[PDB]
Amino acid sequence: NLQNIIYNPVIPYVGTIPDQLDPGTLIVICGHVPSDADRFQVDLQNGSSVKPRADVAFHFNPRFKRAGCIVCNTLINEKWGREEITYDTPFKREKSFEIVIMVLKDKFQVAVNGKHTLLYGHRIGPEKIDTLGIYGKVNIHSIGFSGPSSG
């Protein structure tokens, strides 16, 4: 099963990731989108500093207004980079979801509810990631991790 599981965390959630995100590592997040959701985000960060705001290696941001979409980006020295938008979003208000982020050597691969959703190339060395943050309107049931050599 998954390791270092966290159940029913209070949002906003900011926690240290147990192990380095070496290639093949999986981050599994199960939750539900509340009725009043406009957006929420899963951020893989370098630290937990609020001021100055810690760099966000990978910002996964589902948005629900209108047709909906998913915005991905990177924050470095408090400045957002170029956004990468996915218009084919599997998320929707009042529906449960399972997000699986697989950290590969050159990029992140994200699947939602068992379906491939998007790729995001590394802009910050993944070894610099040590914190997981979840913010916005989202209800998280569980957070779990799986190492590449797990068995």
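Each residue number is its position in the shown sequence, starting from 1.
Report task. Determine, for stretches 29-37 and 53-61, which one has the higher mean CA B-factor as deposited. Result -> That would be 29-37.
Report task. Identify the stretch, either 118-126 or 66-74, whose C-alpha atoms have the larger mean B-factor according to the entry. Result -> According to the PDB entry, the answer is 66-74.
Query raised in the report: Of the choices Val138, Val14, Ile17, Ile143, which one's C-alpha carries the largest B-factor in the record?
Result: Of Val138, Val14, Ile17, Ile143, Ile17 has the highest C-alpha B-factor.
Query raised in the report: In terms of the CA temperature factor given in the entry, to which third of its chain does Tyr87 belong: lowest, middle or highest?
Result: Its C-alpha B-factor belongs to the highest third of this chain's values.
**Report entry** Among modelled residues of the same chain, the CA temperature factor third for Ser48
**Finding:** According to the entry, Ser48 has a C-alpha B-factor in the chain's highest third.
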